[PDB]
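What follows is coords-v9.cif (mmCIF, C-alpha atoms and all ligand atoms).
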data_data
loop_
_atom_site.group_PDB
_atom_site.id
_atom_site.type_symbol
_atom_site.label_atom_id
_atom_site.label_comp_id
_atom_site.auth_asym_id
_atom_site.auth_seq_id
_atom_site.Cartn_x
_atom_site.Cartn_y
_atom_site.Cartn_z
ATOM 1 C CA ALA A 265 48.926 -41.316 -31.165
ATOM 2 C CA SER A 266 51.384 -43.066 -28.839
ATOM 3 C CA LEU A 267 51.176 -46.280 -26.845
ATOM 4 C CA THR A 268 50.158 -44.796 -23.487
ATOM 5 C CA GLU A 269 47.378 -42.988 -25.361
ATOM 6 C CA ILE A 270 46.114 -46.209 -26.962
ATOM 7 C CA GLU A 271 45.928 -47.809 -23.510
ATOM 8 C CA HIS A 272 44.116 -44.741 -22.166
ATOM 9 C CA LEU A 273 41.593 -45.108 -24.992
ATOM 10 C CA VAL A 274 41.193 -48.783 -24.056
ATOM 11 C CA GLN A 275 40.266 -47.898 -20.477
ATOM 12 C CA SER A 276 38.105 -44.971 -21.585
ATOM 13 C CA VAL A 277 36.035 -47.200 -23.881
ATOM 14 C CA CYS A 278 35.648 -49.938 -21.266
ATOM 15 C CA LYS A 279 34.583 -47.341 -18.690
ATOM 16 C CA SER A 280 31.970 -45.835 -21.015
ATOM 17 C CA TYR A 281 30.627 -49.324 -21.694
ATOM 18 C CA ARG A 282 30.516 -50.337 -18.021
ATOM 19 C CA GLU A 283 28.551 -47.172 -17.245
ATOM 20 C CA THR A 284 25.994 -47.940 -19.991
ATOM 21 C CA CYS A 285 25.831 -51.745 -20.248
ATOM 22 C CA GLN A 286 22.139 -51.701 -19.134
ATOM 23 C CA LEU A 287 22.219 -55.152 -17.499
ATOM 24 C CA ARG A 288 24.805 -56.560 -15.108
ATOM 25 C CA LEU A 289 26.461 -59.678 -16.519
ATOM 26 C CA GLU A 290 26.343 -61.273 -13.060
ATOM 27 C CA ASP A 291 22.583 -60.673 -12.907
ATOM 28 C CA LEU A 292 22.168 -62.382 -16.287
ATOM 29 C CA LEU A 293 24.346 -65.334 -15.273
ATOM 30 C CA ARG A 294 22.631 -65.835 -11.901
ATOM 31 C CA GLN A 295 19.228 -66.089 -13.623
ATOM 32 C CA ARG A 296 20.166 -68.895 -16.035
ATOM 33 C CA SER A 297 18.306 -71.516 -13.984
ATOM 34 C CA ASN A 298 15.196 -69.284 -14.049
ATOM 35 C CA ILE A 299 13.472 -70.572 -17.200
ATOM 36 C CA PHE A 300 9.878 -70.072 -18.339
ATOM 37 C CA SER A 301 7.652 -73.075 -17.733
ATOM 38 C CA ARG A 302 5.694 -74.732 -20.525
ATOM 39 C CA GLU A 303 2.561 -72.938 -19.287
ATOM 40 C CA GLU A 304 4.325 -69.566 -19.384
ATOM 41 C CA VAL A 305 5.603 -70.336 -22.895
ATOM 42 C CA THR A 306 2.055 -71.214 -23.949
ATOM 43 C CA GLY A 307 0.913 -67.922 -22.426
ATOM 44 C CA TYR A 308 3.343 -65.958 -24.581
ATOM 45 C CA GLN A 309 2.342 -67.918 -27.689
ATOM 46 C CA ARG A 310 -1.335 -67.137 -27.031
ATOM 47 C CA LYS A 311 -0.744 -63.382 -26.873
ATOM 48 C CA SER A 312 -1.831 -61.441 -29.938
ATOM 49 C CA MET A 313 0.710 -60.612 -32.619
ATOM 50 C CA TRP A 314 0.257 -56.889 -31.980
ATOM 51 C CA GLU A 315 0.801 -57.200 -28.219
ATOM 52 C CA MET A 316 4.061 -59.133 -28.634
ATOM 53 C CA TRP A 317 5.242 -56.614 -31.226
ATOM 54 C CA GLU A 318 4.473 -53.790 -28.773
ATOM 55 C CA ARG A 319 6.361 -55.439 -25.908
ATOM 56 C CA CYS A 320 9.388 -56.249 -28.077
ATOM 57 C CA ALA A 321 9.445 -52.700 -29.451
ATOM 58 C CA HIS A 322 9.537 -51.339 -25.891
ATOM 59 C CA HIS A 323 12.418 -53.592 -24.831
ATOM 60 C CA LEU A 324 14.210 -52.668 -28.052
ATOM 61 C CA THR A 325 13.713 -48.939 -27.485
ATOM 62 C CA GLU A 326 15.076 -49.198 -23.933
ATOM 63 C CA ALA A 327 18.173 -51.067 -25.121
ATOM 64 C CA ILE A 328 18.763 -48.460 -27.828
ATOM 65 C CA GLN A 329 18.527 -45.698 -25.217
ATOM 66 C CA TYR A 330 21.484 -47.196 -23.342
ATOM 67 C CA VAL A 331 23.421 -47.475 -26.612
ATOM 68 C CA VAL A 332 22.797 -43.767 -27.243
ATOM 69 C CA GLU A 333 24.312 -42.981 -23.833
ATOM 70 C CA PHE A 334 27.252 -45.272 -24.615
ATOM 71 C CA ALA A 335 27.854 -43.194 -27.749
ATOM 72 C CA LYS A 336 27.556 -39.895 -25.870
ATOM 73 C CA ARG A 337 30.248 -41.054 -23.435
ATOM 74 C CA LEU A 338 32.397 -42.595 -26.181
ATOM 75 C CA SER A 339 35.652 -40.705 -26.695
ATOM 76 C CA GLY A 340 35.506 -38.589 -29.845
ATOM 77 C CA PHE A 341 31.809 -39.138 -30.603
ATOM 78 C CA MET A 342 30.527 -35.799 -29.288
ATOM 79 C CA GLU A 343 33.314 -34.041 -31.214
ATOM 80 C CA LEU A 344 31.641 -35.078 -34.477
ATOM 81 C CA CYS A 345 28.961 -32.889 -36.013
ATOM 82 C CA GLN A 346 25.363 -33.631 -35.057
ATOM 83 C CA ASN A 347 24.506 -34.891 -38.554
ATOM 84 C CA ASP A 348 27.231 -37.525 -38.289
ATOM 85 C CA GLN A 349 26.291 -38.451 -34.713
ATOM 86 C CA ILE A 350 22.759 -39.173 -35.934
ATOM 87 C CA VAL A 351 23.958 -41.021 -39.046
ATOM 88 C CA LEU A 352 26.173 -43.292 -36.943
ATOM 89 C CA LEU A 353 23.437 -44.022 -34.388
ATOM 90 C CA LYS A 354 20.661 -44.551 -36.951
ATOM 91 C CA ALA A 355 22.832 -47.112 -38.734
ATOM 92 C CA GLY A 356 24.660 -48.577 -35.751
ATOM 93 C CA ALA A 357 22.554 -48.459 -32.580
ATOM 94 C CA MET A 358 20.624 -51.597 -33.534
ATOM 95 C CA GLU A 359 23.807 -53.473 -34.455
ATOM 96 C CA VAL A 360 25.234 -52.648 -31.019
ATOM 97 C CA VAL A 361 22.055 -53.966 -29.377
ATOM 98 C CA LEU A 362 22.297 -57.238 -31.310
ATOM 99 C CA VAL A 363 25.896 -57.711 -30.135
ATOM 100 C CA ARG A 364 25.116 -56.799 -26.512
ATOM 101 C CA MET A 365 22.275 -59.334 -26.659
ATOM 102 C CA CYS A 366 24.717 -62.263 -26.594
ATOM 103 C CA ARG A 367 25.346 -61.503 -22.904
ATOM 104 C CA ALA A 368 21.718 -62.486 -22.218
ATOM 105 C CA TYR A 369 21.896 -65.649 -24.362
ATOM 106 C CA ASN A 370 22.599 -69.104 -22.909
ATOM 107 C CA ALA A 371 24.134 -71.349 -25.562
ATOM 108 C CA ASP A 372 23.661 -74.485 -23.444
ATOM 109 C CA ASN A 373 19.860 -74.485 -23.802
ATOM 110 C CA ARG A 374 19.465 -71.871 -26.591
ATOM 111 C CA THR A 375 17.501 -69.426 -24.427
ATOM 112 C CA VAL A 376 17.556 -65.652 -24.006
ATOM 113 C CA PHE A 377 16.714 -63.561 -20.959
ATOM 114 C CA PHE A 378 13.346 -61.929 -21.639
ATOM 115 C CA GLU A 379 10.987 -60.265 -19.146
ATOM 116 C CA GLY A 380 12.544 -61.851 -16.075
ATOM 117 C CA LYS A 381 13.226 -65.422 -17.234
ATOM 118 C CA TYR A 382 14.996 -67.377 -19.962
ATOM 119 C CA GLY A 383 13.033 -68.651 -22.943
ATOM 120 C CA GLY A 384 13.709 -70.222 -26.313
ATOM 121 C CA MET A 385 12.751 -69.166 -29.826
ATOM 122 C CA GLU A 386 9.306 -70.697 -29.343
ATOM 123 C CA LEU A 387 8.528 -67.926 -26.837
ATOM 124 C CA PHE A 388 8.296 -65.434 -29.720
ATOM 125 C CA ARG A 389 6.095 -67.460 -32.091
ATOM 126 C CA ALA A 390 3.248 -64.921 -31.909
ATOM 127 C CA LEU A 391 5.380 -62.263 -33.637
ATOM 128 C CA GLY A 392 4.978 -64.009 -36.987
ATOM 129 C CA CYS A 393 8.626 -63.519 -37.979
ATOM 130 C CA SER A 394 10.139 -66.909 -37.174
ATOM 131 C CA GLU A 395 12.911 -66.524 -39.749
ATOM 132 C CA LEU A 396 14.155 -63.297 -38.150
ATOM 133 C CA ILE A 397 13.926 -64.739 -34.625
ATOM 134 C CA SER A 398 16.002 -67.756 -35.651
ATOM 135 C CA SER A 399 18.568 -65.460 -37.294
ATOM 136 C CA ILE A 400 18.835 -63.427 -34.077
ATOM 137 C CA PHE A 401 19.302 -66.565 -31.976
ATOM 138 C CA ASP A 402 21.868 -67.863 -34.478
ATOM 139 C CA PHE A 403 23.752 -64.564 -34.275
ATOM 140 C CA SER A 404 23.792 -64.622 -30.464
ATOM 141 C CA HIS A 405 24.788 -68.289 -30.584
ATOM 142 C CA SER A 406 27.762 -67.468 -32.820
ATOM 143 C CA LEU A 407 28.929 -64.635 -30.551
ATOM 144 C CA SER A 408 28.514 -66.770 -27.416
ATOM 145 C CA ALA A 409 31.002 -69.309 -28.801
ATOM 146 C CA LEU A 410 33.645 -66.558 -28.692
ATOM 147 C CA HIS A 411 33.218 -66.152 -24.909
ATOM 148 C CA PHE A 412 33.621 -62.378 -25.117
ATOM 149 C CA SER A 413 34.902 -60.599 -22.061
ATOM 150 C CA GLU A 414 33.186 -57.381 -21.025
ATOM 151 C CA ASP A 415 36.198 -55.365 -22.197
ATOM 152 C CA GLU A 416 36.046 -57.094 -25.590
ATOM 153 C CA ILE A 417 32.341 -56.296 -25.986
ATOM 154 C CA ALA A 418 33.151 -52.691 -25.063
ATOM 155 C CA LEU A 419 35.853 -52.249 -27.701
ATOM 156 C CA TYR A 420 34.021 -54.251 -30.379
ATOM 157 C CA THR A 421 30.708 -52.397 -29.999
ATOM 158 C CA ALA A 422 32.583 -49.087 -30.105
ATOM 159 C CA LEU A 423 33.895 -50.137 -33.524
ATOM 160 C CA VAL A 424 30.440 -51.287 -34.644
ATOM 161 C CA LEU A 425 29.261 -47.730 -33.993
ATOM 162 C CA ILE A 426 32.266 -45.727 -35.266
ATOM 163 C CA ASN A 427 32.070 -46.921 -38.880
ATOM 164 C CA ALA A 428 33.411 -44.406 -41.401
ATOM 165 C CA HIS A 429 31.642 -46.229 -44.263
ATOM 166 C CA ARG A 430 28.101 -45.317 -43.165
ATOM 167 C CA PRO A 431 26.487 -43.392 -46.048
ATOM 168 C CA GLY A 432 25.631 -39.788 -45.262
ATOM 169 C CA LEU A 433 28.675 -38.842 -43.179
ATOM 170 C CA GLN A 434 29.713 -35.246 -43.824
ATOM 171 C CA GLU A 435 33.071 -35.364 -42.002
ATOM 172 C CA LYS A 436 34.170 -38.759 -43.261
ATOM 173 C CA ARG A 437 37.883 -38.174 -42.602
ATOM 174 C CA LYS A 438 37.226 -37.318 -38.952
ATOM 175 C CA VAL A 439 35.234 -40.528 -38.472
ATOM 176 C CA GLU A 440 38.077 -42.387 -40.214
ATOM 177 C CA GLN A 441 40.578 -41.017 -37.687
ATOM 178 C CA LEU A 442 38.396 -42.004 -34.732
ATOM 179 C CA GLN A 443 37.802 -45.460 -36.222
ATOM 180 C CA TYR A 444 41.545 -46.006 -36.734
ATOM 181 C CA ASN A 445 42.281 -45.145 -33.096
ATOM 182 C CA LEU A 446 39.492 -47.402 -31.825
ATOM 183 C CA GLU A 447 40.769 -50.240 -34.020
ATOM 184 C CA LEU A 448 44.237 -49.733 -32.528
ATOM 185 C CA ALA A 449 42.754 -49.868 -29.025
ATOM 186 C CA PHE A 450 40.772 -53.007 -29.863
ATOM 187 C CA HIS A 451 43.731 -54.783 -31.471
ATOM 188 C CA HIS A 452 46.242 -53.650 -28.839
ATOM 189 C CA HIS A 453 43.950 -55.075 -26.150
ATOM 190 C CA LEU A 454 43.556 -58.381 -27.999
ATOM 191 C CA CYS A 455 47.328 -58.576 -28.482
ATOM 192 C CA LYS A 456 48.016 -57.818 -24.812
ATOM 193 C CA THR A 457 45.494 -60.430 -23.630
ATOM 194 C CA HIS A 458 46.543 -63.089 -26.191
ATOM 195 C CA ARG A 459 43.080 -63.052 -27.780
ATOM 196 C CA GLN A 460 43.908 -62.148 -31.397
ATOM 197 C CA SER A 461 42.450 -65.517 -32.418
ATOM 198 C CA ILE A 462 38.946 -64.027 -32.222
ATOM 199 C CA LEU A 463 39.501 -61.621 -35.132
ATOM 200 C CA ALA A 464 38.998 -64.344 -37.749
ATOM 201 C CA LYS A 465 35.886 -65.533 -35.878
ATOM 202 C CA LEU A 466 34.098 -62.186 -35.613
ATOM 203 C CA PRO A 467 31.015 -62.147 -37.864
ATOM 204 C CA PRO A 468 31.297 -60.328 -41.196
ATOM 205 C CA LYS A 469 29.603 -56.941 -41.392
ATOM 206 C CA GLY A 470 27.064 -58.414 -43.826
ATOM 207 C CA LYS A 471 25.573 -60.463 -41.007
ATOM 208 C CA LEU A 472 24.676 -57.414 -38.908
ATOM 209 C CA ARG A 473 23.481 -55.656 -42.070
ATOM 210 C CA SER A 474 21.203 -58.589 -42.944
ATOM 211 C CA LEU A 475 19.720 -58.595 -39.431
ATOM 212 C CA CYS A 476 18.862 -54.889 -39.555
ATOM 213 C CA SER A 477 17.411 -55.190 -43.061
ATOM 214 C CA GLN A 478 15.229 -58.097 -41.940
ATOM 215 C CA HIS A 479 14.038 -55.919 -39.053
ATOM 216 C CA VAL A 480 12.896 -53.206 -41.464
ATOM 217 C CA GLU A 481 11.200 -55.755 -43.730
ATOM 218 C CA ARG A 482 9.272 -57.518 -40.959
ATOM 219 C CA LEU A 483 8.245 -54.174 -39.456
ATOM 220 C CA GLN A 484 6.768 -53.028 -42.780
ATOM 221 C CA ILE A 485 4.759 -56.261 -42.916
ATOM 222 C CA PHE A 486 3.400 -55.655 -39.415
ATOM 223 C CA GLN A 487 2.801 -51.934 -39.986
ATOM 224 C CA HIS A 488 0.664 -52.882 -42.992
ATOM 225 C CA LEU A 489 -1.431 -55.210 -40.813
ATOM 226 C CA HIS A 490 -1.675 -52.930 -37.742
ATOM 227 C CA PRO A 491 -0.834 -49.329 -38.698
ATOM 228 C CA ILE A 492 -2.682 -47.792 -35.730
ATOM 229 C CA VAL A 493 -0.734 -50.021 -33.326
ATOM 230 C CA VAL A 494 2.536 -48.621 -34.690
ATOM 231 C CA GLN A 495 1.268 -45.040 -34.693
ATOM 232 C CA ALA A 496 -0.373 -45.094 -31.256
ATOM 233 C CA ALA A 497 1.611 -47.664 -29.244
ATOM 234 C CA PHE A 498 5.143 -47.872 -30.587
ATOM 235 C CA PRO A 499 7.788 -45.655 -28.962
ATOM 236 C CA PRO A 500 8.791 -42.553 -30.950
ATOM 237 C CA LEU A 501 12.509 -43.380 -30.896
ATOM 238 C CA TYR A 502 11.661 -46.800 -32.330
ATOM 239 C CA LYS A 503 9.718 -45.183 -35.181
ATOM 240 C CA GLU A 504 12.498 -42.695 -35.946
ATOM 241 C CA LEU A 505 14.894 -45.611 -36.464
ATOM 242 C CA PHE A 506 13.019 -48.413 -38.253
ATOM 243 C CA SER A 507 9.617 -47.306 -39.573
ATOM 244 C CA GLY A 508 8.898 -44.973 -42.385
ATOM 245 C CA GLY A 509 7.985 -42.376 -43.073
ATOM 246 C CA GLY A 510 8.532 -41.942 -39.319
ATOM 247 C CA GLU A 511 11.911 -40.137 -39.483
ATOM 248 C CA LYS A 512 9.972 -36.938 -38.609
ATOM 249 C CA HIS A 513 10.550 -37.686 -34.894
ATOM 250 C CA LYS A 514 13.293 -35.540 -33.311
ATOM 251 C CA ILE A 515 13.961 -37.969 -30.429
ATOM 252 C CA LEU A 516 17.635 -38.647 -31.230
ATOM 253 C CA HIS A 517 18.277 -34.911 -31.605
ATOM 254 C CA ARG A 518 16.979 -34.328 -28.069
ATOM 255 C CA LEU A 519 18.754 -37.285 -26.440
ATOM 256 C CA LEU A 520 22.065 -35.997 -27.820
ATOM 257 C CA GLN A 521 21.470 -32.400 -26.655
ATOM 258 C CA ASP A 522 20.557 -33.413 -23.084
ATOM 259 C CA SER A 523 22.964 -34.355 -20.212
HETATM 260 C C1 LIG B 1 14.269 -62.634 -29.432
HETATM 261 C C2 LIG B 1 13.571 -61.327 -29.167
HETATM 262 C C3 LIG B 1 12.618 -60.775 -30.193
HETATM 263 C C4 LIG B 1 13.801 -60.682 -28.050
HETATM 264 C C5 LIG B 1 13.123 -59.370 -27.751
HETATM 265 N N1 LIG B 1 14.135 -58.308 -27.770
HETATM 266 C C6 LIG B 1 14.862 -58.071 -26.646
HETATM 267 O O1 LIG B 1 14.911 -58.916 -25.777
HETATM 268 N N2 LIG B 1 15.738 -57.045 -26.595
HETATM 269 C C7 LIG B 1 15.374 -55.747 -27.163
HETATM 270 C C8 LIG B 1 16.973 -57.168 -25.801
HETATM 271 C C9 LIG B 1 18.156 -56.555 -26.549
HETATM 272 C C10 LIG B 1 19.428 -56.808 -25.738
HETATM 273 C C11 LIG B 1 19.324 -56.126 -24.373
HETATM 274 C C12 LIG B 1 20.579 -56.393 -23.577
HETATM 275 C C13 LIG B 1 20.951 -57.687 -23.241
HETATM 276 C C14 LIG B 1 22.107 -57.893 -22.515
HETATM 277 N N3 LIG B 1 22.857 -56.880 -22.138
HETATM 278 C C15 LIG B 1 22.539 -55.637 -22.437
HETATM 279 C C16 LIG B 1 21.397 -55.352 -23.162
HETATM 280 C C17 LIG B 1 18.099 -56.660 -23.623
HETATM 281 C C18 LIG B 1 16.829 -56.455 -24.454
HETATM 282 C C19 LIG B 1 14.678 -58.033 -29.031
HETATM 283 C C20 LIG B 1 16.045 -58.172 -29.241
HETATM 284 C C21 LIG B 1 16.586 -57.917 -30.481
HETATM 285 C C22 LIG B 1 15.766 -57.534 -31.518
HETATM 286 C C23 LIG B 1 14.398 -57.394 -31.326
HETATM 287 N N4 LIG B 1 13.639 -57.014 -32.438
HETATM 288 C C24 LIG B 1 12.411 -56.445 -32.486
HETATM 289 O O2 LIG B 1 11.757 -56.123 -31.511
HETATM 290 C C25 LIG B 1 11.936 -56.188 -33.859
HETATM 291 C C26 LIG B 1 11.580 -57.260 -34.676
HETATM 292 C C27 LIG B 1 11.154 -57.027 -35.967
HETATM 293 C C28 LIG B 1 11.088 -55.734 -36.455
HETATM 294 C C29 LIG B 1 11.455 -54.670 -35.651
HETATM 295 C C30 LIG B 1 11.874 -54.886 -34.354
HETATM 296 C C31 LIG B 1 13.847 -57.655 -30.079
HETATM 297 NA NA NA B 2 26.369 -65.804 -23.967
#

For the structure just supplied, provide its representation as structure tokens.
Ligand SMILES: CC(C)=CCN(C(=O)N(C)[C@H]1CC[C@H](c2ccncc2)CC1)c1cccc(NC(=O)c2ccccc2)c1
Ligand code: NA
Amino acid sequence: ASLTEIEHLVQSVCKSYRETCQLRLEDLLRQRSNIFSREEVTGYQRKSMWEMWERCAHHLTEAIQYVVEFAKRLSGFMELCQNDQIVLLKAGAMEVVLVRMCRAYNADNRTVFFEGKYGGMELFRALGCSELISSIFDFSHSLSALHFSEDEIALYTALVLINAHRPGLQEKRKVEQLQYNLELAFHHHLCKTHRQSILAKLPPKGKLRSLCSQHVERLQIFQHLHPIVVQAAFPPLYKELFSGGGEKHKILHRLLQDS
């Protein structure tokens, strides 16, 4: 691959991200003064654990749906076999969501945009997973200190997804080739924009892995307490990704075959 091709991959990735970023950055920035009042915070804290879990699962499912479309438009992704497309999304869709989330996080007051306004960690106290919430806020706080541009988020989240080390890949060498090209595009862009200083400050892969593992652990705790809530009121795509034995849902298969 030559230089003009690396730059074409840079613009192709940024275009696929812009078309699938879910929320406009300007919309998120303009709403920073719109913060939940103490009464609205109390209202969220008074909601039942199962209602807050349901609402968060819905917002999570919607964010994952945009990540799936990002993948479908990502150069090289649809060339991979369907098994590998599903392996990469099952392991990586949530990690992409957690990175994208830093756009909706305000490090000045430690709040995140949620259901129309900004609120702190205390907004989510009814979930009963305070340790995971604090880890998510800490992760978004760490990414916010980097002051990512939109192009940087695009190239970085493409690499989060195209990981040739995910277990279960059948065409590992093909994913390796795509990952190498996307790394070149990412690094070429950082070199051109004099932003290579962020490479040492990107979080280690173990941080994203720990966040996703905590998600599975806290979901199993909740599913034990409210199994009918999960079965009847959680979205099917959410259950295919995090719950078990819920992998029986074909949702990802159908989202990839549409368009
Ligand atoms: C703090 C909190 C809970 C926030 C609620 N929530 C949420 O706001 N999401 C999905 C945002 C994800 C980012 C998305 C975005 C932002 C900016 N630009 C583009 C896209 C907006 C929606 C969220 C976010 C990350 C993870 C979770 N986790 C769960 O629901 C869960 C917890 C335990 C077990 C299983 C699942 C929930
Ligand atoms: Na931010």

Within 6 Å of ligand LIG 1 (chain B) (counting only C-alpha atoms and all ligand atoms), which residues show up? I'd like them as a PyMOL selection string. chain A and resi 285-287+320-321+323-324+327+361-362+364-365+367-368+378+397+479-480+482-483

Atoms to include: C-alpha atoms. Write the selected residues as a CSV table (one decimal), keeping the file's coordinate frame.
chain,number,residue,atom,x,y,z
A,285,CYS,CA,25.8,-51.7,-20.2
A,286,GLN,CA,22.1,-51.7,-19.1
A,287,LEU,CA,22.2,-55.2,-17.5
A,320,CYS,CA,9.4,-56.2,-28.1
A,321,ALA,CA,9.4,-52.7,-29.5
A,323,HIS,CA,12.4,-53.6,-24.8
A,324,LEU,CA,14.2,-52.7,-28.1
A,327,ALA,CA,18.2,-51.1,-25.1
A,361,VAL,CA,22.1,-54.0,-29.4
A,362,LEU,CA,22.3,-57.2,-31.3
A,364,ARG,CA,25.1,-56.8,-26.5
A,365,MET,CA,22.3,-59.3,-26.7
A,367,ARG,CA,25.3,-61.5,-22.9
A,368,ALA,CA,21.7,-62.5,-22.2
A,378,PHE,CA,13.3,-61.9,-21.6
A,397,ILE,CA,13.9,-64.7,-34.6
A,479,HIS,CA,14.0,-55.9,-39.1
A,480,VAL,CA,12.9,-53.2,-41.5
A,482,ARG,CA,9.3,-57.5,-41.0
A,483,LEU,CA,8.2,-54.2,-39.5

Emit as JSON the padded axis-aligned box for all listed atoms of segment 322-325 of chain A, 4 Å per side, with centre and edge lengths in Å to one decimal.
{"center_x": 11.9, "center_y": -51.3, "center_z": -26.4, "size_x": 12.7, "size_y": 12.7, "size_z": 11.2}

Near-ligand residues for ligand NA 2 (chain B), threshold 10 Å, all atoms listed in the file, as a PyMOL selection string: chain A and resi 289+292-293+364-372+374-376+404-412

Selection result of the PyMOL selection byres (((chain A and resi 339) around 10) and not hetatm) on this file, as a ChimeraX atom specification: /A:273,276-277,280,334-338,340-343,422,442,446

Just the selected residues (C-alpha atoms), exported as a PDB file, in the coordinates of the input, please.
ATOM      1  CA  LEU A 273      41.593 -45.108 -24.992  1.00  0.00           C
ATOM      2  CA  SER A 276      38.105 -44.971 -21.585  1.00  0.00           C
ATOM      3  CA  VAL A 277      36.035 -47.200 -23.881  1.00  0.00           C
ATOM      4  CA  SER A 280      31.970 -45.835 -21.015  1.00  0.00           C
ATOM      5  CA  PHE A 334      27.252 -45.272 -24.615  1.00  0.00           C
ATOM      6  CA  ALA A 335      27.854 -43.194 -27.749  1.00  0.00           C
ATOM      7  CA  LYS A 336      27.556 -39.895 -25.870  1.00  0.00           C
ATOM      8  CA  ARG A 337      30.248 -41.054 -23.435  1.00  0.00           C
ATOM      9  CA  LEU A 338      32.397 -42.595 -26.181  1.00  0.00           C
ATOM     10  CA  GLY A 340      35.506 -38.589 -29.845  1.00  0.00           C
ATOM     11  CA  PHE A 341      31.809 -39.138 -30.603  1.00  0.00           C
ATOM     12  CA  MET A 342      30.527 -35.799 -29.288  1.00  0.00           C
ATOM     13  CA  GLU A 343      33.314 -34.041 -31.214  1.00  0.00           C
ATOM     14  CA  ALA A 422      32.583 -49.087 -30.105  1.00  0.00           C
ATOM     15  CA  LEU A 442      38.396 -42.004 -34.732  1.00  0.00           C
ATOM     16  CA  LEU A 446      39.492 -47.402 -31.825  1.00  0.00           C
TER      17      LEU A 446
END

Hey, what comes out of the PyMOL selection byres (((chain A and resi 354) around 10) and not hetatm) on this file? Could you write it as an mmCIF file with C-alpha atoms, in the coordinates of the input?
data_model
loop_
_atom_site.group_PDB
_atom_site.id
_atom_site.type_symbol
_atom_site.label_atom_id
_atom_site.label_comp_id
_atom_site.auth_asym_id
_atom_site.auth_seq_id
_atom_site.Cartn_x
_atom_site.Cartn_y
_atom_site.Cartn_z
ATOM 1 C CA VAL A 332 22.797 -43.767 -27.243
ATOM 2 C CA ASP A 348 27.231 -37.525 -38.289
ATOM 3 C CA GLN A 349 26.291 -38.451 -34.713
ATOM 4 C CA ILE A 350 22.759 -39.173 -35.934
ATOM 5 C CA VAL A 351 23.958 -41.021 -39.046
ATOM 6 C CA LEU A 352 26.173 -43.292 -36.943
ATOM 7 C CA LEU A 353 23.437 -44.022 -34.388
ATOM 8 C CA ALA A 355 22.832 -47.112 -38.734
ATOM 9 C CA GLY A 356 24.660 -48.577 -35.751
ATOM 10 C CA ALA A 357 22.554 -48.459 -32.580
ATOM 11 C CA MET A 358 20.624 -51.597 -33.534
ATOM 12 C CA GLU A 359 23.807 -53.473 -34.455
ATOM 13 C CA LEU A 425 29.261 -47.730 -33.993
ATOM 14 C CA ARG A 430 28.101 -45.317 -43.165
ATOM 15 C CA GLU A 504 12.498 -42.695 -35.946
ATOM 16 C CA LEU A 505 14.894 -45.611 -36.464
ATOM 17 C CA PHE A 506 13.019 -48.413 -38.253
ATOM 18 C CA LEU A 516 17.635 -38.647 -31.230
#

Using the chain letters and numbers from the file, which residues does the PyMOL selection byres (((chain A and resi 266) around 12) and not hetatm) grab, as a PyMOL selection string? chain A and resi 265+267-273+445+448-449+452

Looking at A:440, A:414, A:522, A:315, which one is nearest to residue 290 of chain A, with distances taken over only C-alpha atoms?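 Nearest to residue 290 of chain A: A:414.
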
What is the distance between atom CA of residue 491 of chain A and atom CA of residue 507 of chain A, in Å to one decimal?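 Atom CA of residue 491 of chain A sits 10.7 Å away from atom CA of residue 507 of chain A.
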
What does the distance between atom CA of residue 461 of chain A and atom CA of residue 401 of chain A come to in Å, to one decimal place?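 So the answer is 23.2 Å.
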
If you measure from atom CA of residue 451 of chain A to atom CA of residue 427 of chain A, what distance in Å do you get, rounded to one decimal?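 A separation of 15.9 Å between them.
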
Tell me which of A:284, A:487, A:521, A:394 sits closest to residue 333 of chain A, counting all atoms listed in the file.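 That would be A:284, the residue with the smallest distance to residue 333 of chain A.
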
Taking into account only C-alpha atoms, which residue in the set A:296, A:456, A:514, A:437 is nearest to residue 344 of chain A?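 Ranking A:296, A:456, A:514, A:437 by distance to residue 344 of chain A, first place goes to A:437.
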
Of the listed residues A:346, A:450, A:478, A:493, that which approaches residue 398 of chain A most closely, counting only C-alpha atoms: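 Result for the nearest residue to residue 398 of chain A: A:478.
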
Using all atoms listed in the file, which of the listed residues (A:326, A:476, A:295, A:468) sits closest to residue 400 of chain A?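 Counting all atoms listed in the file, the residue closest to residue 400 of chain A is A:476.
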
Skip residue 298 of chain A itself and residues of its chain fewer than 4 positions away, then list as a PyMOL selection string all residues within 10 Å of it, counting all atoms listed in the file. chain A and resi 294+377+380-383

Let me make sure I understand: among A:299, A:489, A:345, A:363, which one has the smallest atom-to-atom distance to residue 467 of chain A if we use only C-alpha atoms? A:363
